[PDB]
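> Below is the sequence, then the experimental coordinates.
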Amino acid sequence: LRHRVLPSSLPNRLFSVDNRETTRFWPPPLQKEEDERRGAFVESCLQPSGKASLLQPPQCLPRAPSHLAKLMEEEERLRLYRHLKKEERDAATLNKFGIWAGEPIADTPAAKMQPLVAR
Amino acid sequence: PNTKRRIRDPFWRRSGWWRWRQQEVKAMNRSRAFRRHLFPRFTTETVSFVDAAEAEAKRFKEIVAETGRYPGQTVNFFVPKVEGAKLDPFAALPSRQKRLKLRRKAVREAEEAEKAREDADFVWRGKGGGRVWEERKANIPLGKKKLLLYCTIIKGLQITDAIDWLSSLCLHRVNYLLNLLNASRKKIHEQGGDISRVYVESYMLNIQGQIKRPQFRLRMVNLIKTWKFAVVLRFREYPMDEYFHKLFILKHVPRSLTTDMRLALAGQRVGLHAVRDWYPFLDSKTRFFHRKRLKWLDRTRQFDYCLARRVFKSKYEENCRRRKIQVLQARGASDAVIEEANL
Amino acid sequence: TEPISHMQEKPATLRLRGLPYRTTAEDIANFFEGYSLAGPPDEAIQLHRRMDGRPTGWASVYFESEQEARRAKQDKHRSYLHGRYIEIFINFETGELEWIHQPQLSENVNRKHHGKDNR
Amino acid sequence: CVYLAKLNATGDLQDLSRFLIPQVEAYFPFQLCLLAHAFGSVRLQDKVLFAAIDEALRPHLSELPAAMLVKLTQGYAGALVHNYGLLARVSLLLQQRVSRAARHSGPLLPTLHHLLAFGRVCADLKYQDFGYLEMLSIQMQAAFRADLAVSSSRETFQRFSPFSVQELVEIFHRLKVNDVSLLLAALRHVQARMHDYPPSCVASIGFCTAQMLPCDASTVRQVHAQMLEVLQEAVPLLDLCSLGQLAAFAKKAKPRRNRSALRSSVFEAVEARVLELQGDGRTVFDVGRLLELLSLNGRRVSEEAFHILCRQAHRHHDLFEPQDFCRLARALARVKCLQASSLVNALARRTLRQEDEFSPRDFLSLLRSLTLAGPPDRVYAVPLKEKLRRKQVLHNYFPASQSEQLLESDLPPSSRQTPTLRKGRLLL
Amino acid sequence: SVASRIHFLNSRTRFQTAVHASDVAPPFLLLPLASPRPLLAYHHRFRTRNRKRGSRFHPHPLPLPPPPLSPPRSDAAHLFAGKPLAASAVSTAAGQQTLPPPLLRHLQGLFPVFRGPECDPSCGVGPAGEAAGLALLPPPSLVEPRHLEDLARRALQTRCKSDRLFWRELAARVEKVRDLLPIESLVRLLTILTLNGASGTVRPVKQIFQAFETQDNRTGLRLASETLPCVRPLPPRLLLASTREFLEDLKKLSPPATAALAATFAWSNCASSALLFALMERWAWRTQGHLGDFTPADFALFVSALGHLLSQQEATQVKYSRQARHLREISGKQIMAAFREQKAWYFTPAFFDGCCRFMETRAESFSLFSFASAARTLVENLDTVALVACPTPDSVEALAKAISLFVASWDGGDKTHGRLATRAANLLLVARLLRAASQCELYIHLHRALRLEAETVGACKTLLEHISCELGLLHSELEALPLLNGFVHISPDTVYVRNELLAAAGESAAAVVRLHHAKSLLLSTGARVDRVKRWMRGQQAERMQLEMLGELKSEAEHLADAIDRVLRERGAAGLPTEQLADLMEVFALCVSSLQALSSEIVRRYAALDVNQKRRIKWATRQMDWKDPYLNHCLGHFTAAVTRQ
RNA sequence: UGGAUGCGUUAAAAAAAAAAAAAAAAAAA
RNA sequence: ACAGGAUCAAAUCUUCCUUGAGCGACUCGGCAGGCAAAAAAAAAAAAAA
RNA sequence: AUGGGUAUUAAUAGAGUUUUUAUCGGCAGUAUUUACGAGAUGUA
């Protein structure tokens, strides 16, 4: 390139469920749950323990170790990609607005994503 | 009830309903209402409705006032009405009901004539027009204050909408108004008017009196009254062009019609094509978004007002004609009878 | 358009009420054994469901002719299916617009001097 | 949006895409083509908008005029969106329209200008369509033959122009497609009617042809010799870009006689002309290559010309490639072995920022040249060594021929990251 | 990544190469495996927030008919003007009002505006411009899943700018009811959508997989830009969503359904690694699924799709493995420690052997298209240079036997001469069959020679004889195009058919060269293998000889004469880029066609591989060819070859 | 398993506070 | 918006200038929600099918 | 490399997919709302 082309920042500046560049990891609790369930599924299917985990309805996934190794490599690459992109976006947000999302400090209904009610 | 329902006040508002605010807000509302209209960008003529009977009465009275004589009089003079007179000086002129009958006759004649006129599809006519009926019911035991409520409810509504309105109220004395409306609808249908495009245009209340009864109390005798009133309703059959401009362009659709459409779709009494067929009239959201689509198509000059009007009119007329033909066929009528019925 | 739901013109129909939860289209077809439907049972018989799929207890059955529909109604009205007698209704109009002939509404409702009823 | 793009309101144009997106399917195809061109003109990438535009134009592409197709493809090229799915379809459509061939809309049938515009778009997007280039070569050879056949001097250049010839040659050079017959035909036409060829066109054609073809060929050598004669004749009219291209071409050529004297005189003339372009702060050219050519084979650059060129090199930094960085560093190191400390510092800072853009060998040679041209400030020297070290580990690169942590005292004093307090004022 | 994007944008040596417009294929996409998405469920919860306040019957937007190329007249008086218009224009002018067939008949009787060809009186115009047969079909959004298959079949039977709305609606509805459709119905729906999307398709010349046989102006070829292969028939999201359903209900697919599924995935050029591996493991000879239950056509389709997908899957896996370095995290301590220190087979054998057994057992009940595609796919590379890492030679011997039996039956079988397009396609298929035979022979011989280190000809003749004559006949019968060596007429169908012919020629030349190597292969035991390796890798070696071919020497000479005859008149442009070295080597064996080949190599130098460049260099050196431009390209470009 | 009240308990600090109902360069809606 | 501009040209991470106060601030633009039903001391509590 | 056919990492025009509780009874029918431009000086 001789004249650099500038990518549009609107994907970063548009906050809605229809903009993935911004809603991909939102809310953080459900992002963590998604990552945990993906890991559990990978461990219970691509690393079988000889028993049916029953986490989901059965699938006819490959069982040959040669195929399982490549599937595991693919999943590891996907995990690394997601982690790195989340880290980079968090760093950019911190450097721009000083906004930072952390882990919950107390056991409260809001941290559980539930409404506070008389019960 | 909800106990938090917002009940409206026409004269005061929290947001500020002083007279200057009313002026500004109603200017905004008028602008929006006018901009809601889509108008054809090409027409051949601008025909306007006229009432020959009313014009002739006006000229007759103007001549009487200007010359002091009936039109054609040469010797005698006009004689105004006096106490005890049994002769009507304007007896030669038609009555109001006669003028209405002549209006219906003229509307029928013009409707027949328009079917053989070239360029009839590119003519603008406007709001007024069509046939008019005036129906009166007397001896209603209700007062002005309640009749005003019940008539303000129904003024401007389609006849079936008004009947549904008044039937939902569960009021014993509204049975008089319901009887009047039912009888008027039956009469217009028998005379050949299209019930689908008959609206209540105006009402008039005429007192007749009040029957008084004694009411004996501790220190005085009172008189309690039972009212006697008459109601006159003005029904109008909208011409097809006005019906199209109202329902299709301005999205002012009878709720009775929309409810019938929704019931048909829910009960699956029509095909899946009916959803897109009735999209322009079905629900508030569909009506709003179709109005937006029409506005965009008009502003890009892809929408054609005259072609759309012709399509709507043809579809309506063909549906009615199919109804007539198939109800005749359900009787086992002969082909000759069916053919002659169309002449 | 082969499907009845797709046809612009629907065959003669009947509406059935009183159906238990167990009722199936095959059960309705057996109930109407000996009567000519507008097509195979999967199209001629349509049980009515809510948004969650729960049976409403109402069914629509399509026949090849109005004569057959009326014969079926005459023969099967108040006949039993799964221990409950079923009620059958015509479910199509005449085109005559009989609703225009409304009855005269009472102008002498003397509520306080008449017997009690749930009209 | 078109007006905003023309006015350079890039931010406003970018914001308006939010409301543009849900309306692309409703606009007219020529409106969409103009939208794409407007976005490309400011070099603003909006991939969602461009994808939506492509989906909307899918059913209308075949009926679009050639000018509108060129506008759409030029917008894509300017945005550097590599939609080869669109490029292939446009190439097929243009070929079909030309085969059939053989005021608000514009003609469906294209012209040589439209073909050359699409070819330049393909060069920008690195789309090497050999079939399309074969078609273009055949058409251009026929056009050259007809132009030579023309006799009355009024119908010459009727279908094309010297600028069109230059654009064709540049297209083929950039795409690295060696159409020997086409290049020879272009050189023959240039020889036949060189008196009508602008000197800038001659310089560009000579540059591209010498870079592409061997100069040992008899015809190529003769034509290049005549072109060099005319260019040395017309040096006083040339701008900085044409001067740099002429300097490169005069050295890449292989003349029959006075090979060294020709290059020496060309360089002397270029030096004399550069001083006359001191204030030309608008033209874009290869300062690094010009400096390298001037400082080569032991030749020493004139002090004034070197100062002017290094002063002007600051404008081009935002346009530099890794190879441009390496070449400029090489030129500065050679000239020292004069030194432009500010230019070296800017180069070091920019390469530290853009470290990822460099291959192992490129980065190693660039750092060597940076050190040899007068070492940059430690603030850049130290982290650059760390980056080179990391790159060598990652790429397992260790050539046969082959520090500390930063200290607060090494930070620039213009900033105030040290706790020291100084007498003076901060004039806002 | 941004770094890799910048690398590509900076590179002056990397290009997207295409000899002809139809070369460009959609980028290959690998579809990751699925897992529960509570986050996406949350987003859906938000999206459905206000359904109670909306319409219960048409919540979605009304489709917008595509607009015309030019704006309409300012007064917008189409009915008055009276000129008939397109169906979409009619709908927009009517404000998207439905026009059933009887209404259209009436309105056509009255006014000519409704008398356009797109307005069929027996169909209607539809509420959004749906013309012809589609006008009678209800919108897919409202159709129940149990009727979608019949709806799609009726829609496809119709085979116009408003058809895309219907087909996009169908795709969306299928994606929504993927989990309600029966699996077989889902496969058939995908096939129907692919057929509609790619109707009027032309295969890339250099690509092997093809869904259907080519048999079913001057030629029978029509090149439509709107349906080039680069247009992906299906959206990747639909395939991604359907992968989970297929994996859950894979055991209920019949052999034809599995073949159709693989065909659709290969047609769209999207791969799911898990699904492909599961399909490979499900089927084996005599794995509760028999490869013999397949018919020959379905078997060939399945094998071709699987190979087409797996090759690119392996390539992407390798490239991503190379990329993973920069995603990995390294520390400065490890970096310093580093200097302290300083101071390709993707078929499982159980499946390859089964496929070879199937071919050997049923070679006699194949067609040219099916057998050639299956054999060429099963052969592919065969690790011929490097030579589980490799398959057992027994399977390759069975494949060679299958080729021989098929050739024996097919020679007796009679041929049909149709359009030049079909004839060229068949010629290319025969050339690819010859290539597969040559690769089988070379692999078997290399295994035997390696064994020695540690310690069919008739079918080839028949194929060569057929090719050498059919090539000349097609060249004579095909119109003449201009030569690279007021526009000039160059028809695209003619160009494409010429490319087909030249691809067949290149495949034949490659097969001949590989046969030469296999025959040369039989101290000396290792010397022969080293010689073969040097010839294939482009290192210095003694000039090859025709005598090695033996019984095929005359056939090779006749093929070379035919190729010279073609290249002399048609020119060199249009040759496949993957066989220029093979053609040069054949010319070297047999010693204006040579000049044409050299000029084309010079023109395409930037797109050629380093191995091809080395082979061409040494072939020219042995031939004593002295092209002054090929010399310049060989000696002044591609440092990777100049320095060695 | 709970509700209300004081005959029960707590506070008596903030007022530029607690809080609110009308973002206003919009000068003829 | 690091969006536009200047310069012998900026530590990674802009040396400055412009952006009247980058619309009061942050968002949305198929946003927004008056009535019914069902609930309901102020409030809160049901995704769609 | 008397130097840029030149070395490194294009996911590239596509980073795309509906969670949990729950034996059984009940609500979810409607209306308003965004082009208050002169599309247009129509694509040169």
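Looks like it came in fine. Residues are numbered from 1 along each chain as shown, chains lettered A, B, ... in the order given.

> Provide a list of residues in contact with the closest residue to chain C within chain B.
Taking CB to the nearest CB, chain C has its nearest neighbour within chain B at residue B:175, 3.9 Å off. Placement of C-beta: from N, CA and C, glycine included. Residue B:175 makes contacts with C:105-107, C:109, as judged by CB atoms under 8 Å, 6 or more residues apart in numbering or on different chains.

> so how many other residues sit close to residue E:490?
Close neighbours of residue E:490, defined as other CB atoms under 10 Å in any protein chain shown, add up to 19.

> and if you look at residue D:207?
The number of residues near residue D:207, taken as other CB under 10 Å, comes to 24.

> Would you check how far apart the one residue in chain A that gets nearest to RNA strand H and residue D:53 are?
RNA strand H sits closest to residue A:20 of chain A, with a gap of 3.8 Å, by CB to the nearest atom of the strand. Noted for residue A:20: a distance of 20 Å to residue D:53, by CB to CB, to the nearest Å.

> Mind checking which of these two has more residues around it?
Neighbours were counted for residue A:20 and for residue D:53 using other CB under 10 Å; residue D:53 has more, 28 against 11.

> Identify, from the contacts of residue B:175, the entry nearest to RNA strand H.
Ranked by distance to RNA strand H (CB to the nearest atom of the strand), those are led by residue C:105 at 24.5 Å.

> Over to the residue of chain A closest to RNA strand H: give its phi and psi.
Dihedral pair for residue A:20: phi -70, psi -30, per degrees, to the nearest 10.

> for it, what are its contacts?
So residue A:20 contacts nothing (CB under 8 Å, 6+ apart).

> the helices in the stretch 151-300 of chain E, which residues?
Secondary structure of the stretch 151-300 of chain E (DSSP state H, counting those that start in this stretch): helices at E:163-176, E:183-198, E:236-248, E:255-268, E:273-282, E:296-327.

> Check which helices and strands the last one sits against.
Counting by 3 or more CB pairs under 8 Å, 6 or more residues apart in numbering or on different chains; DSSP states H and E, the packing neighbours recorded for helix E:296-327 are helix A:65-97, helix E:255-268, strand E:270-271, helix E:273-282, helix E:349-362, helix E:368-379.

> So for chain B, which residue is the most central one in space?
Among the residues of chain B, the one closest to the centroid is residue B:199, at 2.5 Å (CA atoms, centre = their mean).

> Grab the longest strand from chain C for me.
Longest strand of chain C, by residue count under DSSP state E: strand C:55-62.

> Which SSE is immediately downstream of that strand?
Sequence order places helix C:66-76 as the next helix or strand after strand C:55-62, per DSSP states H and E.

> That following helix: which residues count as buried?
Buried residues in helix C:66-76, counted by 16 or more other CB atoms under 10 Å in any protein chain shown: C:68-69, C:72-73, C:76.

> now the helices and strands packed on helix E:296-327 in CSV, with distance to residue E:299 and mean neighbour count?
Output for the helices and strands packed on helix E:296-327, formatted as CSV (distance: least, CB to CB, whole Å; neighbours: other CB atoms under 10 Å in any protein chain shown):
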stretch, distance to residue E:299, mean neighbour count
helix A:65-97, 22, 14
helix E:255-268, 7, 23
strand E:270-271, 20, 24
helix E:273-282, 13, 22
helix E:349-362, 6, 21
helix E:368-379, 7, 24
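
> what inclination does the longest strand of chain C have with respect to helix C:66-76?
130 degrees (axes from the mean of the first three to the mean of the last three CA atoms, to 10 degrees).

> neighbouring contacts of strand C:55-62?
Contacts with strand C:55-62, where a contact means CB under 8 Å, 6+ apart, come from B:268, C:4, C:10-21, C:23, C:28, C:32, C:37-39, C:43-50, C:72, C:91.

> Could you pick out which of those are located in strands?
Counted as lying in strands by DSSP E, out of the contacts of strand C:55-62, are C:13-17, C:45-49.

> give me the number of residues near the residue of the stretch 301-428 of chain D found nearest RNA strand H?
For the stretch 301-428 of chain D, the residue closest to RNA strand H is residue D:326, as judged by CB to the nearest atom of the strand, at 2.9 Å. Residues within reach of residue D:326, counting by other CB under 10 Å, total 22.

> where does it land in three-state SS?
Following DSSP: H, G, I helix; E, B strand; the rest coil, the label given to residue D:326 is helix.

> how about whatever residue of chain C ends up closest to chain A, phi and psi?
Sorted by distance to chain A under CB to the nearest CB, the residues of chain C start with residue C:53, at 19.7 Å. Backbone torsions for residue C:53, taken as degrees, to the nearest 10, come to phi 90, psi 0.

> follow-up on the earlier one: just the buried ones among the ones in strands among the contacts of strand C:55-62, please.
Here, 16+ other CB under 10 Å leaves C:13-16, C:45-48 buried among these.

> From residue D:290, how far out is the residue located most distally from the centre of chain A?
Going by CA atoms, centre = their mean, the residue of chain A most distant from its centre is residue A:2, 36.8 Å out. Distance, residue A:2 to residue D:290, using CB to CB: 16 Å.

> which parts of the stretch 251-400 of chain D sit against RNA strand F?
By CB under 7 Å from any atom of the strand, no residue of the stretch 251-400 of chain D approaches RNA strand F.

> so what's residue 78 up against?
Chain wasn't specified; assuming chain A. Going by CB under 8 Å, 6+ apart, residue A:78 touches residue E:32.

> I was thinking of chain C, sorry if that wasn't clear
Contact analysis of residue C:78 by CB under 8 Å, 6+ apart lists C:85-87.

> now those as CSV including distance to residue E:273?
Shown next, in CSV, are these (distance: CB to CB, whole Å):
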residue, distance to residue E:273
C:85, 60
C:86, 55
C:87, 58
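
> count of neighbours near residue C:96?
By other CB under 10 Å, 11 other residues sit near residue C:96.

> Now do the helices in the stretch 201-350 of chain D.
Per DSSP H, counting those that start in this stretch, the stretch 201-350 of chain D carries helices over the ranges D:218-233, D:240-252, D:259-274, D:287-294, D:303-312, D:322-336, D:341-353.

> Tell me which of those approaches RNA strand G most closely.
Of all the helices of the stretch 201-350 of chain D, it is helix D:341-353 that lies closest to RNA strand G, at 3.3 Å by CB to the nearest atom of the strand.

> Between the contacts of residue B:175, which sits nearest chain D?
Among those, and counting by CB to the nearest CB, the member closest to chain D is residue C:105, at 52.9 Å.

> Spatially nearest residue to that closest one, not counting backbone neighbours?
Closest residue to residue C:105 apart from its sequence neighbours, by CB to CB, 6 or more residues apart in numbering or on different chains: residue B:175 at 3.9 Å.

> Repeat that for residue E:357.
Looking at residue E:357 with CB to CB, 6+ apart, the closest residue is residue E:285, at 4.9 Å.

> does that neighbour really touch residue E:299, like I thought?
No. The criterion here is CB atoms under 8 Å, and residue E:285 misses it with residue E:299 at 11.4 Å.
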